[PDB]
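In what follows, one protein chain appears twice in different forms, each by itself as structure tokens: structure 1 and structure 2.
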Structure 1
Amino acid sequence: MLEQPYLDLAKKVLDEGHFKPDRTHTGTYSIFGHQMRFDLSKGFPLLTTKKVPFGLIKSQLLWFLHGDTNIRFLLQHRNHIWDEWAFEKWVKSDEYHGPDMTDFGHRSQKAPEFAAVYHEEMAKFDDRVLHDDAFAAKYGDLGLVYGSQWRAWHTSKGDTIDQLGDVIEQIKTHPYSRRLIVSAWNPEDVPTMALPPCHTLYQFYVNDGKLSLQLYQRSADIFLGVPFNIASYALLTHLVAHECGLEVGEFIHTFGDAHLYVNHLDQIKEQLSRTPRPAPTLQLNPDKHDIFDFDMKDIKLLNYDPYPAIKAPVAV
């Protein structure tokens, strides 16, 4: 079945896992080291044992897949996953001056009155962004995010290398090469960023005509973060092979610290009260080949019958 992978990763953590403090409060139960593997020939591992929502996953990928470091496309696609860091880079400073708000969010996962401000002054924020190009360009252009990492490596001699572009042009001409990597971890930049890229390195592979991919994710939350991650990189592979004219092999997903949060383990146990159903299947439009173009009307997920969605608290 395609998603038993997750359920044996998540099972093995609350069984083998050993406790660690984190970079917040809530403890983690962590394993270090896992290869999880999915056979893309017969699927698209979006969890049938918990609604996970393909729409925000597509948007986010597509944002990444064509330069963007600016949340104004994400906002205007009803997606707000990367919304708050834009507010941290602003609540703090010199145009804004308003509410209490310096530090919000965690103290809004359980708040005071906070909800009508963290939700209403960072409403006004995300609004001005979508309509004020000036404002968009500043407090909504996040800088360094996977988008500028894959498509824009800033180099010691002035300019930017579009790495993923180059690896999709190697996939075509030179298929069998052991070099087919996109790193997202740049040292000049990591004694700095809010989050360093959690999705560090991913190499690709052809062999027999179908493209595998492997992703080393350095820090992974078992419950909330790992559902989107399997699916995104699975969506990213389906898209590279429709470009490079290849079939689908594997999506292999490796880990450093796969960790569960102690504040959401009653909830993972409830997910294991469910048996996986038949796995869903994606569609990508034939009339669009340069993967760089896809809108939402170019990737269709079909026949996803999920079990009810299970809620958990971003403490980060």
Structure 2
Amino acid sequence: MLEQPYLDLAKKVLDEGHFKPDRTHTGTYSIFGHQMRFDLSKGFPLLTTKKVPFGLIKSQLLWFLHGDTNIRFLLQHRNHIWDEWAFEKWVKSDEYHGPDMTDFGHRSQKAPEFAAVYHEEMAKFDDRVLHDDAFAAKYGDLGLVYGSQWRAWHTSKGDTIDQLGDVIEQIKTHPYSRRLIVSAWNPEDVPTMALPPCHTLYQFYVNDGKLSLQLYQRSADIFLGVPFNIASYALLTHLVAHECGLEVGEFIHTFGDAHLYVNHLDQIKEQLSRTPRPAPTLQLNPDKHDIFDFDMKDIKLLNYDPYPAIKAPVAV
């Protein structure tokens, strides 16, 4: 089927998976060096073997595609993937206007204490983030993220570069450029970074008709993160192809360390009792063009027939 690539990685790190101690502490099953290719003309690579949200994907891709580092857009898009992160600037609070949030996670795996306080405290944070321009200014704003790396590279000699777009206009004027890369790995920055970008670089290609993409993703969580990553960059492949007046071809996913967590083995195995179902279709709106201006319903994903969601633990 179109997603069997990912079930071949799921089986491979289970089979040839080496244990390597990881950061987010369970211990993991690693591989190093892996490419996977998806023909985006046969379907949209959301996973039919498990329910992956096309909605939350969507809202975070648009956030990136605008230049936003701010939590408020995503918050008012019911999207919480980067939420726990505005909260780093909440928790270290010289403006601590209150209580136990001192280490939030970890014991938020532990039912009352850091657990459900932190959890009612998300609305406390997620309220001023969304309703208080001032708050939103300061604690809801993730400095370097995907968004400003792809769109506002803090240049050396006082300024900013928009790699995506600058690249989009080379995808429109000089097609066969071997030089259509957008990097998120800036040397200067990476010494001080809570998450340094797991999706380091990618590169566009157009070959007789088609917009292909390749991803260099270095730390890839096979259960929980790779499913999404295939879909947020097949999406981009489509978004950009449709700006440039191109047809689509393939999405190439290259991993550095692609790893299973020890506490997601039983589940990935659970997923692997299911057979795929025919992949989705992606129809974007034909009138809208500046991909920068796209909004939520300029992308529908039709025909998503998925097995239920399987539910993790965490990767922390």
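Structure 1's sequence is the ruler for residue numbers, which start at 1. Between two forms, the rigid core is the largest collection of C-alphas that superpose within 1.5 Å.
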### Query
Among 94, 188, 113, 208, whose C-alpha is off by 2 Å or more between the two structures on a rigid-core fit?
113
### Task
Using the rigid core as the frame, report the C-alpha movement of residue 24 between the two structures, one decimal, in Å.
2.7
### Query
Where the core is superposed, what shift in Å does the CA of residue 282 undergo between the two structures?
0.4
#### Entry: Per-residue CA shift, residue 104 (Å; core superposed between the two structures)
1.3
